[PDB]
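So this block is final-v2.cif, mmCIF, C-alpha atoms and all ligand atoms:
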data_my_file
loop_
_atom_site.label_atom_id
_atom_site.label_comp_id
_atom_site.auth_asym_id
_atom_site.auth_seq_id
_atom_site.Cartn_x
_atom_site.Cartn_y
_atom_site.Cartn_z
CA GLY A 594 -1.36 40.20 -9.78
CA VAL A 595 0.35 38.31 -12.57
CA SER A 596 -1.23 38.20 -16.02
CA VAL A 597 -0.29 36.10 -19.03
CA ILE A 598 -0.59 37.47 -22.57
CA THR A 599 -0.92 34.81 -25.26
CA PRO A 600 -1.66 35.02 -29.00
CA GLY A 601 -3.62 31.75 -28.65
CA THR A 602 -2.27 28.20 -28.62
CA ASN A 603 -3.53 27.77 -32.19
CA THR A 604 -1.04 30.41 -33.31
CA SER A 605 1.98 29.98 -31.06
CA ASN A 606 3.05 28.91 -27.59
CA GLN A 607 5.07 32.02 -26.79
CA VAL A 608 3.86 34.13 -23.89
CA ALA A 609 4.40 37.50 -22.24
CA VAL A 610 3.92 38.29 -18.57
CA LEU A 611 2.60 41.40 -16.82
CA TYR A 612 3.45 42.04 -13.17
CA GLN A 613 0.77 44.51 -12.24
CA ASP A 614 1.90 47.85 -10.73
CA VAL A 615 5.21 46.36 -9.67
CA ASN A 616 8.42 48.23 -10.29
CA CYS A 617 10.27 46.23 -12.87
CA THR A 618 13.51 46.08 -10.83
CA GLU A 619 12.12 43.79 -8.14
CA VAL A 620 10.48 41.11 -10.28
CA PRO A 621 12.56 38.03 -9.46
CA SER A 640 15.62 39.79 -22.88
CA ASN A 641 12.80 42.34 -22.96
CA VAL A 642 11.87 44.13 -19.76
CA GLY B 199 0.18 2.88 6.70
CA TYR B 200 -0.49 1.59 3.17
CA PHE B 201 2.14 0.73 0.57
CA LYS B 202 0.90 1.37 -2.98
CA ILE B 203 2.62 0.12 -6.14
CA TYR B 204 1.82 1.28 -9.69
CA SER B 205 3.22 -0.30 -12.85
CA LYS B 206 3.37 -0.17 -16.64
CA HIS B 207 5.15 -2.06 -19.44
CA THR B 208 5.72 -0.31 -22.77
CA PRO B 209 7.53 -1.38 -25.96
CA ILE B 210 10.05 1.07 -27.45
CA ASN B 211 12.82 0.99 -30.04
CA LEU B 212 16.54 1.77 -29.66
CA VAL B 213 16.54 5.05 -27.71
CA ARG B 214 19.31 6.09 -25.31
CA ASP B 215 16.84 7.49 -22.76
CA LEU B 216 13.21 7.53 -21.67
CA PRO B 217 10.80 7.99 -24.61
CA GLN B 218 8.82 11.07 -25.59
CA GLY B 219 5.30 9.61 -25.53
CA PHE B 220 2.70 9.26 -22.81
CA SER B 221 1.64 6.22 -20.79
CA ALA B 222 -0.33 6.06 -17.55
CA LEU B 223 0.35 3.56 -14.77
CA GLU B 224 -2.34 1.22 -13.48
CA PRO B 225 -2.21 0.23 -9.79
CA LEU B 226 -0.97 -3.20 -8.78
CA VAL B 227 -1.25 -3.61 -4.99
CA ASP B 228 -2.16 -1.66 -1.85
CA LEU B 229 -0.48 -3.58 0.96
CA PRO B 230 -1.80 -2.76 4.46
CA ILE B 231 1.45 -2.65 6.41
CA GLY B 232 2.16 0.37 8.58
CA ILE B 233 5.94 0.45 8.06
CA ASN B 234 8.32 3.40 8.48
CA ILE B 235 10.37 3.67 5.27
CA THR B 236 13.24 6.07 4.61
CA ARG B 237 15.73 4.05 2.52
CA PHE B 238 15.56 1.43 -0.21
CA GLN B 239 17.79 -0.76 -2.35
CA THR B 240 17.47 -2.87 -5.49
CA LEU B 241 17.90 -6.64 -5.66
CA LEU B 242 19.97 -8.11 -8.49
CA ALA B 243 20.27 -11.75 -9.53
CA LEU B 244 23.70 -13.32 -10.02
CA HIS B 245 24.41 -16.81 -11.35
CA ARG B 246 26.85 -19.28 -9.82
CA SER B 247 29.94 -19.73 -11.96
CA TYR B 248 30.89 -23.42 -11.27
CA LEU B 249 34.46 -22.74 -12.52
CA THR B 250 35.79 -22.04 -9.01
CA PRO B 251 35.03 -23.63 -5.64
CA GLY B 252 34.95 -20.40 -3.66
CA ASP B 253 31.99 -18.19 -2.82
CA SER B 254 33.74 -14.85 -3.44
CA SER B 255 33.10 -12.18 -6.07
CA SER B 256 34.92 -14.26 -8.69
CA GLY B 257 32.44 -17.08 -8.09
CA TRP B 258 29.39 -15.23 -9.42
CA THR B 259 28.71 -14.08 -12.97
CA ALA B 260 26.46 -11.23 -14.04
CA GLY B 261 25.19 -9.31 -17.03
CA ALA B 262 24.64 -5.56 -17.32
CA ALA B 263 22.15 -3.63 -15.20
CA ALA B 264 21.03 -0.01 -15.17
CA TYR B 265 17.97 1.85 -14.00
CA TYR B 266 16.44 5.30 -13.58
CA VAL B 267 15.37 6.76 -10.23
CA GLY B 268 13.39 9.94 -9.70
CA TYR B 269 11.59 11.31 -6.67
CA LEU B 270 7.95 12.31 -6.29
CA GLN B 271 6.79 15.72 -5.11
CA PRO B 272 3.32 17.11 -4.29
CA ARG B 273 2.13 18.76 -7.51
CA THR B 274 -1.13 19.60 -9.29
CA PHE B 275 -1.78 17.77 -12.56
CA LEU B 276 -4.49 18.38 -15.15
CA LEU B 277 -5.40 15.01 -16.69
CA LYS B 278 -7.25 14.67 -19.99
CA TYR B 279 -9.34 11.50 -19.95
CA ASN B 280 -10.55 9.48 -22.92
CA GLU B 281 -14.03 8.14 -23.58
CA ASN B 282 -12.91 4.61 -22.66
CA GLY B 283 -11.41 5.75 -19.35
CA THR B 284 -7.77 6.29 -20.31
CA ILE B 285 -5.46 9.17 -19.40
CA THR B 286 -4.06 10.03 -22.84
CA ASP B 287 -2.28 13.27 -21.92
CA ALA B 288 -1.73 15.62 -18.98
CA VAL B 289 0.04 18.80 -17.94
CA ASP B 290 1.69 19.98 -14.75
CA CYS B 291 0.67 23.49 -13.75
CA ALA B 292 3.20 25.60 -11.85
CA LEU B 293 5.51 24.30 -14.57
CA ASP B 294 5.75 27.42 -16.74
CA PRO B 295 3.71 30.55 -17.49
CA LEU B 296 1.42 28.98 -20.14
CA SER B 297 0.96 25.78 -18.15
CA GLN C 14 27.22 -16.49 3.59
CA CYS C 15 27.19 -13.11 1.90
CA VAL C 16 29.92 -11.71 -0.30
CA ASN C 17 31.88 -8.50 -0.59
CA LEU C 18 30.98 -7.44 -4.12
CA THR C 19 31.42 -3.66 -4.19
CA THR C 20 34.25 -2.42 -6.41
CA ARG C 21 35.03 1.28 -6.08
CA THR C 22 34.17 3.13 -9.30
CA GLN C 23 35.35 6.72 -9.78
CA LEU C 24 32.58 7.56 -12.27
CA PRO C 25 29.52 9.43 -10.97
CA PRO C 26 25.98 8.58 -12.09
CA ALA C 27 24.67 10.45 -15.11
CA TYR C 28 21.52 12.55 -15.41
CA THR C 29 18.74 12.30 -17.97
CA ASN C 30 15.47 14.14 -18.57
CA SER C 31 12.09 12.68 -17.64
CA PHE C 32 10.10 14.34 -20.43
CA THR C 33 6.61 13.25 -19.41
CA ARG C 34 6.69 9.99 -17.46
CA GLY C 35 5.33 8.61 -14.21
CA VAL C 36 1.64 9.48 -14.18
CA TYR C 37 -0.89 7.14 -12.58
CA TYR C 38 -4.58 6.77 -11.80
CA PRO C 39 -4.93 8.06 -8.22
CA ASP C 40 -8.38 6.53 -7.70
CA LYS C 41 -10.56 3.55 -8.58
CA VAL C 42 -12.97 6.20 -9.85
CA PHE C 43 -13.85 5.94 -13.53
CA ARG C 44 -14.08 8.89 -15.89
CA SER C 45 -15.07 9.60 -19.49
CA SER C 46 -13.49 12.62 -21.25
CA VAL C 47 -13.57 14.75 -18.08
CA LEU C 48 -10.60 17.09 -17.68
CA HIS C 49 -9.69 16.49 -14.03
CA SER C 50 -7.21 18.43 -11.89
CA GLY D 446 -3.38 -43.86 35.71
CA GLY D 447 -3.11 -40.09 35.60
CA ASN D 448 -1.98 -37.72 32.88
CA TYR D 449 1.08 -36.10 34.44
CA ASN D 450 2.01 -33.99 31.43
CA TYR D 451 -0.04 -30.91 32.34
CA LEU D 452 1.90 -28.78 34.81
CA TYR D 453 1.37 -25.43 36.44
CA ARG D 454 3.54 -23.04 38.40
CA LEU D 455 2.74 -22.76 42.08
CA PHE D 456 5.55 -20.55 43.45
CA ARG D 457 6.83 -17.23 42.18
CA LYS D 458 8.54 -14.18 43.62
CA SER D 459 5.94 -11.72 42.39
CA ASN D 460 2.65 -11.78 40.56
CA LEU D 461 2.78 -11.50 36.79
CA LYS D 462 2.30 -8.37 34.80
CA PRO D 463 -0.68 -8.75 32.46
CA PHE D 464 0.12 -10.97 29.48
CA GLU D 465 3.56 -11.74 30.87
CA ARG D 466 5.03 -15.22 30.56
CA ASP D 467 7.58 -17.12 32.63
CA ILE D 468 8.94 -20.53 31.62
CA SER D 469 11.98 -20.59 33.90
CA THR D 470 12.60 -23.53 36.20
CA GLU D 471 14.78 -22.19 38.99
CA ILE D 472 14.52 -23.72 42.44
CA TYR D 473 12.23 -21.53 44.51
CA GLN D 474 13.55 -20.24 47.83
CA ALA D 475 10.90 -19.78 50.49
CA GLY D 476 13.00 -19.24 53.61
CA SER D 477 16.01 -17.00 54.00
CA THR D 478 18.52 -19.80 53.57
CA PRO D 479 20.05 -19.89 50.07
CA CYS D 480 19.24 -22.92 47.98
CA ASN D 481 22.26 -23.57 45.71
CA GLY D 482 20.17 -25.41 43.16
CA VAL D 483 19.28 -28.37 45.37
CA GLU D 484 15.94 -29.24 46.92
CA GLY D 485 15.19 -29.36 50.61
CA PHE D 486 13.22 -27.56 53.26
CA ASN D 487 12.25 -24.10 52.02
CA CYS D 488 13.85 -24.94 48.66
CA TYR D 489 11.11 -26.19 46.35
CA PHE D 490 10.81 -27.12 42.73
CA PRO D 491 8.33 -24.58 41.34
CA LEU D 492 6.18 -26.75 39.04
CA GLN D 493 3.39 -29.15 39.99
CA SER D 494 1.39 -31.45 37.72
CA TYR D 495 -2.33 -32.05 37.56
CA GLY D 496 -2.72 -35.76 37.68
CA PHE D 497 -5.86 -35.97 35.62
CA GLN D 498 -7.87 -39.15 35.79
CA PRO D 499 -11.11 -40.03 34.03
CA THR D 500 -12.95 -40.83 37.25
CA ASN D 501 -12.66 -37.31 38.65
CA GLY D 502 -15.61 -35.29 39.80
CA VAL D 503 -16.44 -32.28 37.68
CA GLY D 504 -14.35 -29.35 38.74
CA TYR D 505 -11.34 -31.62 38.66
CA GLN D 506 -11.58 -32.62 35.04
CA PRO D 507 -9.53 -30.77 32.44
CA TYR D 508 -11.02 -27.78 30.69
CA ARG D 509 -9.51 -26.25 27.59
CA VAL D 510 -9.47 -22.46 27.44
CA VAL D 511 -8.99 -19.97 24.61
CA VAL D 512 -8.71 -16.25 25.35
CA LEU D 513 -9.31 -13.94 22.41
CA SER D 514 -7.91 -10.47 22.88
CA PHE D 515 -8.78 -7.81 20.34
CA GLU D 516 -6.28 -5.00 20.27
CA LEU D 517 -6.26 -1.68 18.42
CA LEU D 518 -2.82 -0.11 18.08
CA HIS D 519 -2.80 2.76 15.56
CA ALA D 520 -2.58 1.16 12.12
CA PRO D 521 -4.85 1.82 9.13
CA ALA D 522 -7.11 -1.22 9.55
CA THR D 523 -7.23 -5.02 9.83
CA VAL D 524 -9.47 -8.08 10.24
CA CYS D 525 -13.16 -7.72 11.10
CA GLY D 526 -16.59 -9.35 10.86
CA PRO D 527 -17.86 -10.73 7.55
CA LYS D 528 -20.11 -9.07 4.94
CA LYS D 529 -23.50 -10.05 3.53
CA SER D 530 -25.66 -9.00 0.59
CA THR D 531 -29.05 -9.27 -1.12
CA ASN D 532 -30.35 -9.35 -4.71
CA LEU D 533 -29.49 -6.39 -6.93
CA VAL D 534 -32.94 -5.47 -8.25
CA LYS D 535 -33.38 -3.27 -11.30
CA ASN D 536 -35.79 -0.74 -12.78
CA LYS D 537 -37.19 0.35 -9.39
CA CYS D 538 -36.36 3.36 -7.24
CA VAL D 539 -34.30 1.62 -4.59
CA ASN D 540 -32.04 2.39 -1.65
CA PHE D 541 -28.67 0.83 -2.42
CA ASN D 542 -25.24 0.28 -0.89
CA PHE D 543 -22.36 -0.93 -3.09
CA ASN D 544 -19.48 -1.78 -0.72
CA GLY D 545 -19.52 1.72 0.73
CA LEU D 546 -21.34 3.74 -1.93
CA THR D 547 -24.66 4.69 -0.33
CA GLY D 548 -27.37 6.07 -2.59
CA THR D 549 -30.89 6.06 -4.01
CA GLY D 550 -32.25 5.60 -7.49
CA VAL D 551 -33.16 3.30 -10.33
CA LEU D 552 -30.49 0.81 -11.42
CA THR D 553 -30.20 -0.13 -15.08
CA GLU D 554 -28.03 -2.35 -17.27
CA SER D 555 -25.20 -0.34 -18.76
CA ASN D 556 -23.24 -0.37 -21.98
CA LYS D 557 -20.13 1.54 -20.86
CA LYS D 558 -16.80 -0.16 -20.22
CA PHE D 559 -14.74 0.76 -17.17
CA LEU D 560 -11.09 -0.06 -16.90
CA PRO D 561 -10.62 -3.26 -14.92
CA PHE D 562 -9.72 -1.49 -11.72
CA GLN D 563 -12.39 1.24 -11.63
CA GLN D 564 -15.39 0.79 -9.34
CA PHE D 565 -17.81 3.63 -10.08
CA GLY D 566 -18.17 6.43 -12.59
CA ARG D 567 -18.84 10.10 -12.05
CA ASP D 568 -20.38 12.88 -14.10
CA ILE D 569 -19.26 16.43 -14.74
CA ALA D 570 -20.33 18.33 -11.61
CA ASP D 571 -19.22 15.20 -9.76
CA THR D 572 -22.20 12.94 -9.07
CA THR D 573 -22.03 9.14 -9.04
CA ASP D 574 -23.83 7.85 -12.11
CA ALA D 575 -22.49 4.33 -12.68
CA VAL D 576 -21.31 1.49 -10.45
CA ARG D 577 -19.83 -1.96 -10.87
CA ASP D 578 -21.41 -4.86 -9.02
CA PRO D 579 -18.68 -6.47 -6.89
CA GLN D 580 -19.92 -10.04 -7.24
CA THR D 581 -20.77 -10.28 -10.95
CA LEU D 582 -18.59 -7.31 -12.10
CA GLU D 583 -21.08 -5.62 -14.43
CA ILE D 584 -21.61 -1.91 -14.92
CA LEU D 585 -24.98 -0.44 -13.95
CA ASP D 586 -26.22 3.11 -14.44
CA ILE D 587 -27.82 5.02 -11.60
CA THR D 588 -30.62 7.32 -12.57
CA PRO D 589 -32.45 9.46 -9.99
CA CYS D 590 -35.91 8.76 -8.57
CA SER D 591 -38.52 10.72 -10.52
CA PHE D 592 -39.55 13.96 -8.80
CA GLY D 593 -41.19 17.25 -9.74
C1 LIG A 701 11.04 6.67 10.97
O1 LIG A 701 12.41 6.45 11.20
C2 LIG A 701 13.24 7.62 11.13
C3 LIG A 701 14.64 7.15 11.42
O2 LIG A 701 15.61 7.99 10.81
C4 LIG A 701 12.75 8.72 12.09
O3 LIG A 701 13.35 9.96 11.70
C5 LIG A 701 14.36 10.63 12.53
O4 LIG A 701 15.67 10.13 12.13
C6 LIG A 701 16.78 10.77 12.77
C7 LIG A 701 18.03 10.20 12.15
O5 LIG A 701 18.55 9.13 12.91
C8 LIG A 701 16.70 10.53 14.27
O6 LIG A 701 17.78 11.20 14.90
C9 LIG A 701 15.38 11.06 14.81
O7 LIG A 701 15.29 10.77 16.20
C10 LIG A 701 14.18 10.46 14.06
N1 LIG A 701 12.94 11.08 14.50
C11 LIG A 701 12.28 10.72 15.60
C12 LIG A 701 11.03 11.48 15.90
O8 LIG A 701 12.67 9.81 16.33
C13 LIG A 701 11.24 8.92 12.00
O9 LIG A 701 10.79 9.74 13.06
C14 LIG A 701 10.49 7.59 12.03
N2 LIG A 701 9.07 7.81 11.87
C15 LIG A 701 8.16 7.40 12.76
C16 LIG A 701 6.73 7.70 12.43
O10 LIG A 701 8.48 6.80 13.78
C1 LIG A 702 -18.18 -15.04 -6.68
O1 LIG A 702 -19.03 -16.15 -6.58
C2 LIG A 702 -20.18 -16.08 -7.44
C3 LIG A 702 -21.01 -17.29 -7.11
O2 LIG A 702 -21.02 -17.54 -5.72
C4 LIG A 702 -19.74 -16.01 -8.89
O3 LIG A 702 -20.90 -15.86 -9.71
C5 LIG A 702 -20.81 -16.63 -10.92
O4 LIG A 702 -20.50 -15.78 -12.05
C6 LIG A 702 -20.42 -16.47 -13.31
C7 LIG A 702 -20.06 -15.44 -14.35
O5 LIG A 702 -18.78 -15.69 -14.92
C8 LIG A 702 -21.73 -17.18 -13.61
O6 LIG A 702 -21.61 -17.91 -14.83
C9 LIG A 702 -22.08 -18.12 -12.47
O7 LIG A 702 -23.33 -18.75 -12.70
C10 LIG A 702 -22.13 -17.35 -11.16
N1 LIG A 702 -22.47 -18.23 -10.05
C11 LIG A 702 -23.57 -18.06 -9.31
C12 LIG A 702 -23.79 -19.07 -8.22
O8 LIG A 702 -24.36 -17.14 -9.51
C13 LIG A 702 -18.80 -14.84 -9.09
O9 LIG A 702 -18.29 -14.83 -10.42
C14 LIG A 702 -17.64 -14.92 -8.09
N2 LIG A 702 -16.77 -13.76 -8.22
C15 LIG A 702 -15.83 -13.66 -9.16
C16 LIG A 702 -15.02 -12.40 -9.14
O10 LIG A 702 -15.64 -14.54 -9.98
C1 LIG A 703 -7.13 27.21 -35.54
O1 LIG A 703 -6.66 25.98 -36.07
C2 LIG A 703 -7.32 25.59 -37.28
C3 LIG A 703 -6.77 24.24 -37.66
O2 LIG A 703 -5.58 23.94 -36.95
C4 LIG A 703 -7.11 26.65 -38.36
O3 LIG A 703 -7.89 26.31 -39.50
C5 LIG A 703 -7.52 28.03 -37.85
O4 LIG A 703 -7.15 29.03 -38.79
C6 LIG A 703 -6.85 28.32 -36.52
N1 LIG A 703 -7.29 29.61 -35.99
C7 LIG A 703 -6.47 30.65 -35.86
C8 LIG A 703 -7.08 31.90 -35.30
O5 LIG A 703 -5.29 30.60 -36.18
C1 LIG A 704 11.78 51.79 -9.78
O1 LIG A 704 12.85 52.05 -8.87
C2 LIG A 704 13.91 52.85 -9.42
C3 LIG A 704 14.96 52.99 -8.35
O2 LIG A 704 14.57 53.93 -7.36
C4 LIG A 704 13.37 54.20 -9.88
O3 LIG A 704 14.41 54.93 -10.53
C5 LIG A 704 12.21 54.01 -10.85
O4 LIG A 704 11.64 55.27 -11.19
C6 LIG A 704 11.15 53.11 -10.22
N1 LIG A 704 10.05 52.88 -11.15
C7 LIG A 704 9.13 53.80 -11.44
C8 LIG A 704 8.07 53.39 -12.41
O5 LIG A 704 9.16 54.92 -10.94
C1 LIG A 705 -11.55 3.07 -27.26
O1 LIG A 705 -11.51 4.30 -28.00
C2 LIG A 705 -11.19 4.11 -29.39
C3 LIG A 705 -11.01 5.49 -29.98
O2 LIG A 705 -10.18 6.30 -29.16
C4 LIG A 705 -12.29 3.30 -30.08
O3 LIG A 705 -11.94 3.11 -31.44
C5 LIG A 705 -12.48 1.95 -29.39
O4 LIG A 705 -13.63 1.29 -29.92
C6 LIG A 705 -12.65 2.13 -27.87
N1 LIG A 705 -12.92 0.87 -27.15
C7 LIG A 705 -12.19 -0.25 -26.89
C8 LIG A 705 -10.76 -0.34 -27.39
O5 LIG A 705 -12.68 -1.17 -26.25
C1 LIG A 706 35.06 -8.46 3.29
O1 LIG A 706 34.67 -9.69 3.92
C2 LIG A 706 35.38 -9.95 5.14
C3 LIG A 706 34.94 -11.32 5.61
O2 LIG A 706 34.94 -12.25 4.53
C4 LIG A 706 35.09 -8.84 6.15
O3 LIG A 706 35.87 -9.07 7.32
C5 LIG A 706 35.41 -7.48 5.57
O4 LIG A 706 35.00 -6.45 6.46
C6 LIG A 706 34.73 -7.29 4.22
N1 LIG A 706 35.12 -6.02 3.62
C7 LIG A 706 34.42 -4.89 3.78
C8 LIG A 706 34.96 -3.68 3.09
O5 LIG A 706 33.39 -4.85 4.45
#

Show me, as structure tokens, the structure contained in the file I just sent.
Amino acid sequence: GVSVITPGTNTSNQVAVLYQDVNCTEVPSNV
Amino acid sequence: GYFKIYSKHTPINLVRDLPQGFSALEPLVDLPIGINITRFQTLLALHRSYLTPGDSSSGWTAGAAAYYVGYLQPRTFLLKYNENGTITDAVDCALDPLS
Amino acid sequence: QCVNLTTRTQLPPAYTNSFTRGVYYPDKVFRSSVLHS
Amino acid sequence: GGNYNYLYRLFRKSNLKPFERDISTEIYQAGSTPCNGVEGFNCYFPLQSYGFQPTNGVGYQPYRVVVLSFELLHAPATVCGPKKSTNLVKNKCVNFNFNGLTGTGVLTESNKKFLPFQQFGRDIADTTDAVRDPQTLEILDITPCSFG
């Protein structure tokens, strides 16, 4: 699954993304 | 087999490009044809010069013409309606993470 | 009766950005403040 | 005196394919001898003319014929019969059809304003709750028939 972490659009429009139990070397800054 | 045309006219000031706002397009016609279309071209109007007898490219005068062409793709759009029945804003999912 | 008009221009066409344009009503259906996908 | 302007073909090599048409005027050749574009025995002009005259027994008088052929290729639609209507009643549980929209309920004068290309309105949870009358172009609400 892919999850999106947001502080709320009434605070900011930045976003972070969680790729669930995927090794972070095969996803396709801060990794 | 149908040919559908949608249109809109909007006033803007001196911008180099397409504006930043939002405007929906109301439908004009739904012609029942059944025609196989893969190419198209734009018609331009030229005026006759009267300063030469010939019909060649020197015999027609013209102004300046430019247009913008983009292509449609099957996407999913979330449309926010108004209380009068007017699409005031929208967003295209599969655009970014937040979208 | 038709004319050769095309002059060869070396310049390519430019590219701009359609920010949010080209949205239409895909149905005669009416709506009132209903967020519709 | 005879109306000799109505001709018909009386000789052809082979029967027509359906809906095929042949307006040529070549000299027919019955026998084996070639014709070379001149008449003669076994070389006949292929068109004859009805000489119609007003004192002809029935079955020799001219009849005009029109053959209508309805075809259905594979388009999206086309011409068809005409449509009728009735009298849009109000304030009574009724069984209605608005150019395709089939439903049941009480019809009532509205006070909403569609855009001038929208036919009917829908609710959240997607049920038809308003229509526009095609003939007079006025918006009418559709409320359900009392039940319980
Ligand atoms: C509509 O016309 C196009 C013509 O390009 C058809 O697409 C193919 O085009 C290539 C390019 O010349 C031809 O080599 C192919 O033979 C065409 N396909 C076919 C199946 O003939 C397209 O098929 C046409 N559409 C319809 C519904 O007839
Ligand atoms: C179709 O025809 C009907 C009449 O056959 C039109 O109904 C008229 O509507 C106007 C409203 O502007 C009334 O003032 C008239 O009295 C109506 N006439 C009748 C006989 O009822 C109807 O408007 C026509 N359709 C359109 C789109 O104009
Ligand atoms: C939400 O926005 C309103 C007005 O824009 C503001 O008063 C409120 O503090 C905001 N909430 C949060 C959690 O930032
Ligand atoms: C992801 O793969 C690399 C390469 O083998 C490996 O070193 C790493 O440990 C893997 N991730 C986890 C969480 O083990
Ligand atoms: C459309 O909506 C606006 C507010 O968004 C309202 O003021 C107006 O009365 C409405 N109706 C029209 C323009 O017929
Ligand atoms: C220009 O027009 C002539 C006839 O007037 C024609 O023979 C010629 O092919 C045309 N030029 C081009 C590039 O088509």

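Proximity to ligand LIG 705 (chain A) was assessed for B:263, B:229, B:216, B:285 counting all atoms listed in the file; the smallest distance is recorded for B:285.
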
Residue 590 (chain D) surroundings by all atoms listed in the file, 9 Å radius, close-in-sequence under 6 positions cut, as a ChimeraX atom specification: /D:537-539,549-551

With all atoms listed in the file counted, which protein, DNA or RNA residues have an atom no more than 9 Å from (13.1, -21.0, 53.4) in the file frame? Please answer as a JSON list (two decimals) with C-alpha atoms, in the frame of the given file.
[["chain", "number", "residue", "atom", "x", "y", "z"],
["D", 473, "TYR", "CA", 12.23, -21.53, 44.51],
["D", 474, "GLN", "CA", 13.55, -20.24, 47.83],
["D", 475, "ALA", "CA", 10.90, -19.78, 50.49],
["D", 476, "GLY", "CA", 13.00, -19.24, 53.61],
["D", 477, "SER", "CA", 16.01, -17.00, 54.00],
["D", 478, "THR", "CA", 18.52, -19.80, 53.57],
["D", 479, "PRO", "CA", 20.05, -19.89, 50.07],
["D", 480, "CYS", "CA", 19.24, -22.92, 47.98],
["D", 486, "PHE", "CA", 13.22, -27.56, 53.26],
["D", 487, "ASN", "CA", 12.25, -24.10, 52.02],
["D", 488, "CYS", "CA", 13.85, -24.94, 48.66],
["D", 489, "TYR", "CA", 11.11, -26.19, 46.35]]

Show me which bits of chain B are within 6 Å of chain C, counting only C-alpha atoms, as an NGL selection string. :B and (222-223 or 254-255 or 275-281 or 283)

List as a ChimeraX atom specification the protein and nucleic acid residues near region 528-531 of chain D, meaning an atom at most 12 Å away when only C-alpha atoms are counted, but skip any in the same chain fewer than 3 places from it. /D:524-525,534,541-545,578-580

Step by step, measure atom-to-atom distances between ligand LIG 704 (chain A) and each residue using only C-alpha atoms and all ligand atoms, keep those at most 10 Å, then write them as a PDB file with C-alpha atoms, keeping the file's coordinate frame.
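Below is the file part_10.pdb, written as the result:
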ATOM      1  CA  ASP A 614       1.900  47.850 -10.730  1.00  0.00           C
ATOM      2  CA  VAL A 615       5.210  46.360  -9.670  1.00  0.00           C
ATOM      3  CA  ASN A 616       8.420  48.230 -10.290  1.00  0.00           C
ATOM      4  CA  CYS A 617      10.270  46.230 -12.870  1.00  0.00           C
ATOM      5  CA  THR A 618      13.510  46.080 -10.830  1.00  0.00           C
ATOM      6  CA  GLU A 619      12.120  43.790  -8.140  1.00  0.00           C
TER       7      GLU A 619
END

Separation of CA of residue 237 (chain B) and CA of residue 256 (chain B), in Å?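 Computed distance, CA of residue 237 (chain B) to CA of residue 256 (chain B), equals 28.8 Å.
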
Nearest candidate to ligand LIG 701 (chain A) (options D:462, D:558, D:569, D:520; using all atoms listed in the file):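 The answer is D:520, which sits nearest to ligand LIG 701 (chain A).
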
Within 9 Å of ligand LIG 703 (chain A), counting all atoms listed in the file, which protein or nucleic acid residues do you find, written as an mmCIF file with C-alpha atoms, keeping the file's coordinate frame?
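Listed below is the output, selection00.cif:
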data_model
loop_
_atom_site.group_PDB
_atom_site.id
_atom_site.type_symbol
_atom_site.label_atom_id
_atom_site.label_comp_id
_atom_site.auth_asym_id
_atom_site.auth_seq_id
_atom_site.Cartn_x
_atom_site.Cartn_y
_atom_site.Cartn_z
ATOM 1 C CA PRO A 600 -1.660 35.020 -29.000
ATOM 2 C CA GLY A 601 -3.620 31.750 -28.650
ATOM 3 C CA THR A 602 -2.270 28.200 -28.620
ATOM 4 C CA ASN A 603 -3.530 27.770 -32.190
ATOM 5 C CA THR A 604 -1.040 30.410 -33.310
ATOM 6 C CA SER A 605 1.980 29.980 -31.060
#

Starting from the point (2.8, -32.3, 32.8), work out which residues of protein, DNA or RNA have an atom no more than 8 Å away when counting only C-alpha atoms; state them as number ranges by chain. D: 448-453, 493-495

Just to be explicit: take each residue in the selection above, keep C-alpha atoms, and write the result as a PDB file, in the coordinates of the input.
ATOM      1  CA  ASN D 448      -1.980 -37.720  32.880  1.00  0.00           C
ATOM      2  CA  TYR D 449       1.080 -36.100  34.440  1.00  0.00           C
ATOM      3  CA  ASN D 450       2.010 -33.990  31.430  1.00  0.00           C
ATOM      4  CA  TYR D 451      -0.040 -30.910  32.340  1.00  0.00           C
ATOM      5  CA  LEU D 452       1.900 -28.780  34.810  1.00  0.00           C
ATOM      6  CA  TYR D 453       1.370 -25.430  36.440  1.00  0.00           C
ATOM      7  CA  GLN D 493       3.390 -29.150  39.990  1.00  0.00           C
ATOM      8  CA  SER D 494       1.390 -31.450  37.720  1.00  0.00           C
ATOM      9  CA  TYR D 495      -2.330 -32.050  37.560  1.00  0.00           C
TER      10      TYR D 495
END

Hey, which residues come within 9 Å of ligand LIG 701 (chain A) if we count all atoms listed in the file? Could you give them as a PDB file with C-alpha atoms, in the frame of the given file?
ATOM      1  CA  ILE B 233       5.940   0.450   8.060  1.00  0.00           C
ATOM      2  CA  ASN B 234       8.320   3.400   8.480  1.00  0.00           C
ATOM      3  CA  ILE B 235      10.370   3.670   5.270  1.00  0.00           C
ATOM      4  CA  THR B 236      13.240   6.070   4.610  1.00  0.00           C
TER       5      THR B 236
END

Record the distance separating atom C3 of ligand LIG 706 (chain A) and CA of residue 258 (chain B), expressed in Å with one decimal. 16.5 Å

Could the residues of chain D within 8 Å of chain C, counting only C-alpha atoms, be given as a JSON list (two decimals) with C-alpha atoms, in the coordinates of the input, please?
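Final output, result-v3.json:
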[["chain", "number", "residue", "atom", "x", "y", "z"],
["D", 559, "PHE", "CA", -14.74, 0.76, -17.17],
["D", 560, "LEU", "CA", -11.09, -0.06, -16.90],
["D", 562, "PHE", "CA", -9.72, -1.49, -11.72],
["D", 563, "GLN", "CA", -12.39, 1.24, -11.63],
["D", 564, "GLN", "CA", -15.39, 0.79, -9.34],
["D", 565, "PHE", "CA", -17.81, 3.63, -10.08],
["D", 566, "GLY", "CA", -18.17, 6.43, -12.59],
["D", 567, "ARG", "CA", -18.84, 10.10, -12.05],
["D", 568, "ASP", "CA", -20.38, 12.88, -14.10],
["D", 569, "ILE", "CA", -19.26, 16.43, -14.74]]
